[PDB]
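Just the one chain here, the form deposited in one PDB entry, laid out as structure tokens.
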């Protein structure tokens, strides 16, 4: 197979991989394409998401024209390091991995016209600024921006191979999302102005929507049951101070525990999430369910219970058996309709 060996020797002979194609002659145009093999999990604490893609780059290098038996040279990824390749980096990438098990996951195909296809398998951790103000009923547009690190807009321009909506493809089976739903993605192009010049930036915004099922099970239901549990004491006779005292005290203790552990899923943001308001209102109900008993006990003249003169049923108790369940139900309708 020395015929193909001569071609590779001929191509790399007098080849300077330190200069982009058309240096000082034209703008090097790079056509890109992304295939998302798996959209990895989203981390709220680090405000980052993981993506696993086939990052395909296509461009024409006239220094790599050949005539041979085969029109396309499906070469080895070792050949890539001997050829000028674009220095694409991700602007919001935190810590990315270019996999090389068991070999560098790269392909390089040189058609006889000089076109190069250069795809790699990358795992990218990207910064996704999250406005956790409607948490957990919130949605984010996690971006993915990339462009040439060194070459300005006048030297290297990026472009989408197919139509922009069709040049980023998500595999149906690959979705490593636990508590999110990938609604879709919008593909766009922009411009950034740094201290070193203009740079074309290719962006892709993935539109995630958090699934509320987990937080309903683990946070909203315990808060709702605690409010209902605290209102059970409204049906107990006023001459049972120890029993109703334990009812109010334990529920307030329970609410404090829930109010603390509910933040463990989030970064320490300075505002209040939509879940914080629900906990605050539940805290207000449970706290007031004990102040209500602290008022009935204040008017409990006798200590012995019914089986002389006996205590009458509290008028505060009768109203609290209705107003407290009713207001909480009214609050639930307002709270859920506001965010859903």
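Positions refer to the first chain, counted from 1. For the two forms, the rigid core is made up of the largest set of C-alpha atoms that agree within 1.5 Å on superposition.
In this entry, is the chain continuous from residue 307 to residue 308, or are deposited residues missing in between (none, 1 to 3, 4 to 9, 10 or more)? Per the deposited record, the segment joining residue 307 and residue 308 lacks coordinates for 10 or more residues.
Same protein, other form: the form deposited in another entry, not shown, and the subject of what follows.
Core-superposed comparison between this form and the one not shown - Cα displaced by 2 angstroms or more, from 83, 157, 75, 137: Comparing both forms, the shifted residue turns out to be 75.
Taking the rigid core as reference, does the Cα of residue 319 move 2 Å or more between this form and the one not shown? Moves: yes, 2 Å or greater.
Residue 101 C-alpha relocation of at least 2 Å between this form and the one not shown, rigid core basis: False for residue 101: its C-alpha shift is below 2 Å.
Can a Cα shift of no less than 2 Å be assigned to residue 185 between this form and the one not shown, given superposition on the rigid core? No, because once the rigid core is superposed, the C-alpha of residue 185 moves less than 2 Å between this form and the one not shown.
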